[PDB]
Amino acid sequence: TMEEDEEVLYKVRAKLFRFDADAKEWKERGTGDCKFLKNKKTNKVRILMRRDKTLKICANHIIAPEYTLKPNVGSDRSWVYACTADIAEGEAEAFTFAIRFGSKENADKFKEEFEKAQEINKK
């Protein structure tokens, strides 16, 4: 799985979207467990998310200190952010993601963990 050298800092169920600006609409990329994984050798923290049943990767990127979580006009339980190097589908790509959770509490927990992981990565 290439996860055996990592510690699960945080896990939450979520639905991930990517923005398609050609169509100016959000498109689902996956639903499943969003995991914050800290590599035990480098202490680098990444988001890794796999789809239910197929276990296919829909998010794989470092939680960069440069990223910023922003609200979406329609939701009190989601965050959108620009990511510049996600390798879920092969070569590194940039996306505008949105990630939605089961509750506002989960979304607030995710944001606090996201920022904790950003501090870890700055070292």
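In case it trips you up, residue 1 is the first one in the sequence shown, and so on.
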Handout entry: Unmodelled in at least a third of other entries of this protein, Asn121
Key = no
Practice task
Please work out which of 20 to 28 and 7 to 15 has the higher mean CA B-factor as recorded in the PDB entry.
Solution key: 20 to 28
Fill in the blank from the handout: Mean B factor on CA atoms, stretches 36 to 44 and 49 to 57, record says higher is 36 to 44
Practice task
Within this chain's modelled residues, let me know which third the CA B factor of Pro71 belongs to: lowest, middle or highest.
Solution key: middle
Fill in the blank from the handout: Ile63: C-alpha B-factor third of its chain, per the entry, is the lowest
Exercise for the section: Grab the CA temperature factor for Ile87 from the record and place it in the lowest, middle or highest third of its chain. Expected result: middle
